[PDB]
Amino acid sequence: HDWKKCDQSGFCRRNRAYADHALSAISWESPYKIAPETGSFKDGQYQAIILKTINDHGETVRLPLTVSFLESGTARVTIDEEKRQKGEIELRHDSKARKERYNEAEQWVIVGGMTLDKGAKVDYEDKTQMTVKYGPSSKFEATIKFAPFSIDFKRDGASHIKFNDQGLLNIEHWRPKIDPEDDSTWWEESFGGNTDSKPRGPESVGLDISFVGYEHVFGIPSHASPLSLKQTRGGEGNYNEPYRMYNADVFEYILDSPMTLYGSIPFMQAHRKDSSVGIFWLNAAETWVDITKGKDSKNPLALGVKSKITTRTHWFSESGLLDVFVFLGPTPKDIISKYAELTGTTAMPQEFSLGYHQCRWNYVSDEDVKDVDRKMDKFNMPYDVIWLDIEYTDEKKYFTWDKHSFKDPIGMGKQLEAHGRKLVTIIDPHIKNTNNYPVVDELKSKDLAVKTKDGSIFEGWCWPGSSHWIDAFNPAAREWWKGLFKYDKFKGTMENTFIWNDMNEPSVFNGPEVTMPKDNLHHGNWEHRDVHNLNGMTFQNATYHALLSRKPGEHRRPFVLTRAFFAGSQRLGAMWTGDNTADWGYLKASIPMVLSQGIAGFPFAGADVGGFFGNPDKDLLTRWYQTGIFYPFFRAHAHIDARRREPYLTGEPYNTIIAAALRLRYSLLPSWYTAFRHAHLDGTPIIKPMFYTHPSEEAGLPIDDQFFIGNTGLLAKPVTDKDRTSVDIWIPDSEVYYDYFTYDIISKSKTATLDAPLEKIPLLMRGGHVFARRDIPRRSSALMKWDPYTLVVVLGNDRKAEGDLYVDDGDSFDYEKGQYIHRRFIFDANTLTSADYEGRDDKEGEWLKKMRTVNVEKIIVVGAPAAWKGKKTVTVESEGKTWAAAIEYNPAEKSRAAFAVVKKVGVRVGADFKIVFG
Amino acid sequence: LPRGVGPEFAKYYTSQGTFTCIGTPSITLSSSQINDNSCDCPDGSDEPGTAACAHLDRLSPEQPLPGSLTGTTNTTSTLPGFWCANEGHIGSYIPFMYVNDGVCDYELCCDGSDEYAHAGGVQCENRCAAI
Ligand SMILES: [Ca+2]
Ligand SMILES: [Ca+2]
């Protein structure tokens with residue numbers, strides 16, 4: 001129950017000291033050079049040898065350099081160590097650990113984007129340096145300098161990203177332990193009851209990466225920190241330790257800290273007015289990032305001499321390859337979408353998983369679960385899923401049920417099924433070490449468990465007491481795991497059961513930093529140090545593949561929630577921010593956290609509604625529902641000591657405010673699902689910060705308490721302070737904005753003050769958009785499946801609007817073969833049209849045929865033009881038929897906009913149409 | 001006579017030609033607009049037999065509604081619910097938001113008439129005579 005500070009992490013100490021030395025020496029030079037005559041360029045790839053000078057004799061070691069220029073416009077830079085590629089080192093303690101630098105992070109993370117640009121070309125190439133042109137129309141440049149090695153990445157007439165400009169490149173080369181630079185952290189190190197045997201010695205890789213002319217950087221979740229990341233080298237308002245990524249189970253984590261949490265995505269972006277760039281540091285080991293805001297001059301300067309403000313970052317990882325992608329944008333969308341091409345888009349979710357999820361530690365019996373389910377219906381509060389935490393098990397053995405408390409799990413399951421609701425059951429990677437437990441027998445006899453430094457089976461303490469851990473790095477373990485989840489094997493589960501993966505950092509209660517020893521061995525004989533941040537992801541991968549098919553002929557979308565994660569985990573399911581606390585500061589903090597998830601390419605994120613630890617006041621709980629309806633993943637959860645707080649227990653009038661928030665979420669589900677579709681199509685974030693939506697607006701850059709929802713133009717700013725009855729929203733631009741609920745015109749960019757009592761959600765509509773909703777409330781999202789849609793057409797300054805709507809069966813992979821509806825809606829010049837979003841042509845399966853009776857029935861035009869007054873019909877054309885529908889026009893009145901409503905449109909949602917107004 | 005109308009509101013569903021909204025009688029409709037799945041009365045009274053006025057509810061997101069007693073959709077509908085006559089057992093109201101949702105709500109609607117549109121294929125039995 002204690003965490004290394006940066007001084008207690010030996011390689012973090014060494015790398016920070018490397019920086020101290022470089023930054024305060026007389027013209028320090030990085031002792032790294034390209035031997036230019038080893039250099040060659042062909043078919044988008046530079047290759048050379050970097051020679052590192054390792055002492056004052058001028059002795060060198062060889063560090064192979066690859067620079068790839070990819071068809072996307074992304075560059076990749078990789079540096080390995082030739083001695084280790086060749087096995088020409090010797091490990092201590094007779095370790096069987098691998099000698100080479102871990103190089104399988106690509107294979108877990110990268111799924112596309114790797115095609116080389118044959119059109120990239122050397123432009124200039126003297127004996128000191130070369131410049132390669134690349135990217136679209138050859139407008140990107142990388143200047144590689146030989147001696148000392150550096151790279152400058154350019155576009156639009158300037159450097160944007162520099163490698164090694166401050167000279168902090170550090171590859172710790174292999175060296176023996178001999179007798180006669182401080183070496184006291186090179187070998188064994190001790191912390192948290194444990195001693196790391198360190199069989200390879202020092203092997204970190206680090207680099208300074210400068211964002212030239214950028215004042216704001218973003219990313220590297222997960223941290224309780226602002227969206228715009230802080231400096232880390234001390235000073236007023238700054239942190240003093242670097243941001244850390246080392247997935248860990250951190251009990252009662254605190255606010256506003258660079259300390260590591262449960263997952264890590266080593267992806268950073270930098271944004272200024274109309275320019276974006278980014279890097280992705282692909283390394284699965286413990287990683288720290290120092291951030292300082294500085295100037296583009298390395299020297300002391302004369303009075304009055306100007307320098308560009310520059311964010312200097314210093315990245316270092318315990319082991320592995322130095323392996324970095326460089327993204328030159330120029331837009332926020334460009335960066336995220338290229339990142340998603342490399343590491344994966346958001347998986348198509350089970351549609352139900354966008355609804356409201358009801359959980360706590362624990363619902364104590366099948367009867368407790370059935371009672372909660374009935375009470376939600378009794379109090380008219382919609383929900384989709386109820387969740388079973390660890391107490392459903394028999395003595396913390398996974399794949400069992402406590403048959404005292406959970407006597408009829410199938411019956412419970414069927415009750416949920418009657419309203420198309422689901423059940424989620426927790427399954428963790430620690431397998432109880434006990435007898436009469438076939439799962440642990442098989443884990444052992446198939447050799448599927450994680451091992452110690454000497455190859456024996458690792459054993460440690462978690463919820464079941466003594467336990468072993470599945471090694472999901474091993475394909476054979478993943479394939480075995482798959483077998484355990486078939487409905488015929490995992491008795492008591494059925495088609496509406498899905499899975500929660502927890503404790504997959506991995507959390508080991510008597511381990512150092514509550515995790516595994518660094519010298520544990522995984523499949524391939526990698527050390528745990530090599531792969532630690534990938535561990536959670538391997539486990540979620542295993543569970544995802546298990547849910548694709550759990551009986552013959554089934555092929556469907558998994559739902560898996562994870563705690564620990566890495567780059568790529570967006571392909572596998574959802575995350576939440578772990579064990580937060582029932583307090584106002586944590587409510588406020590949840591929004592910048594969830595946003596940082598999205599801009600780092602894993603948007604399917606949320607935080608526990610109400611807070612995990614403690615007991616929220618009624619007003620805190622109420623406001624948390626109003627925030628939580630904007631989390632892509634929306635779940636209430638509560639610690640074992642917290643009082644029962646199922647939402648109907650709050651009492652009136654809170655119950656009503658809570659139900660209204662739930663119903664708002666449900667009514668917007670068509671639009672929410674469409675936002676997930678775009679996340680799937682090209683990694684577009686689900687909720688979007690102001691730097692993403694409005695890159696032209698400098699004042700937007702740091703803002704992290706408001707956001708847009710997908711493609712709807714809905715701008716939300718939830719209330720997150722105690723006792724507040726107004727809210728100040730930053731209006732990003734000159735478009736017209738309208739209150740969602742009252743249609744009041746909210747009164748160019750600037751701060752608007754709005755009324756926001758407890759019962760009110762601050763939600764505005766931007767002009768220029770169309771979004772879909774479903775107005776009929778229902779008990780769950782499944783009972784909405786066949787209901788009609790309302791389109792809301794929000795008109796701005798230009799009398800134009802556009803938007804879209806994606807629908808499919810929510811469950812299958814039939815969308816891969818075209819079995820879906822995706823409409824683009826355009827309003828222009830008194831006409832609203834619907835066309836296929838991609839412009840497709842023809843063959844209809846069952847689901848699509850059934851959608852022929854599901855209609856758009858209502859259209860609301862907000863800001864309807866005065867010319868429409870007294871016209872009482874519109875004309876509708878679709879599929880070579882024509883008819884009239886009634887429209888009522890409502891004039892502007894007081895602060896409220898004019899609005900018109902078309903009634904009984906009567907058009908099937910899958911059909912092209914044109915509606916002519918005025 | 002229109003579907004979902006209880007005995008004590010029967011008298012309001014009568015003319016030939018026009019329907020006056022029961023609780024908000026300054027709005028008058030054509031009688032073809034009863035149970036046409038458009039919510040045309042701001043008290044909900046033109047849809048006794050469908051789910052289309054179920055958003056007229058104090059629990060649902062508030063939207064402007066000219067002619068509503070409150071001025072918005074946050075209002076108490078005139079009708080108590082959708083009436084299931086349940087011949088052979090005993091009549092009762094169910095909530096409009098249980099109407100045509102694909103779920104047979106047999107406890108209070110044993111005749112199965114809540115799912116008369118067969119949303120998504122659903123066919124409900126008439127279970128009244130058994131219960
Ligand atoms: Ca009607
Ligand atoms: Ca029903």
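Within every chain, numbering begins at 1; the chains are lettered A, B, ... in the order of the sequence lines, protein sequences first and strands thereafter. Any value given below was found using the heavy atoms of this structure, including those in side chains, with hydrogens, waters and symmetry copies removed.
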At a heavy-atom separation under 4.5 Å, does [X] approach chain B through its side chain, its backbone, both, or neither?
X: A:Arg896; result: side chain
X: A:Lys850; result: side chain
X: A:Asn380; result: both
X: A:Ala661; result: neither
X: A:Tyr666; result: neither
X: A:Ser667; result: side chain

### Query
Relative to chain A, which of B:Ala54, B:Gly102, B:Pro64 shows the most heavy atom pairs under 4.5 Å?
B:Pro64
## Note on the structure
Per-residue tally against chain A (heavy atom, under 4.5 Å) across B:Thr73, B:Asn100, B:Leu56, B:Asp40 peaks at B:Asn100
Does any donor atom in the side chain of [X] or [Y] lie under 3.5 Å from an acceptor atom in the other side chain?
X: A:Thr742; Y: A:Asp739; answer: yes
X: B:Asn74; Y: B:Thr72; answer: no
X: A:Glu857; Y: B:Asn37; answer: no

### Query
Between A:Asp384 and A:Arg665, is there a side-chain N and carboxylate O pair less than 4.0 Å apart?
no
### Task
Pick one of side chain, backbone, both or neither for B:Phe96, based on which atoms fall under 4.5 Å of a heavy atom in chain A.
backbone
#### Entry: Part of B:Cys53 within contact of chain A (heavy atom distance under 4.5 Å)
neither
### Query
Should we say atom CD of A:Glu844 is surrounded by more than 12 heavy atoms from elsewhere, each under 6.0 Å from it?
yes
### Task
Without swapping roles, check the side chain of B:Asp57 against the backbone of B:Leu59 for a donor-acceptor pair under 3.5 Å.
yes
### Task
Anything under 30° is parallel, anything over 60° is perpendicular, the rest tilted; go ahead and classify A:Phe379 against A:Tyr648.
parallel
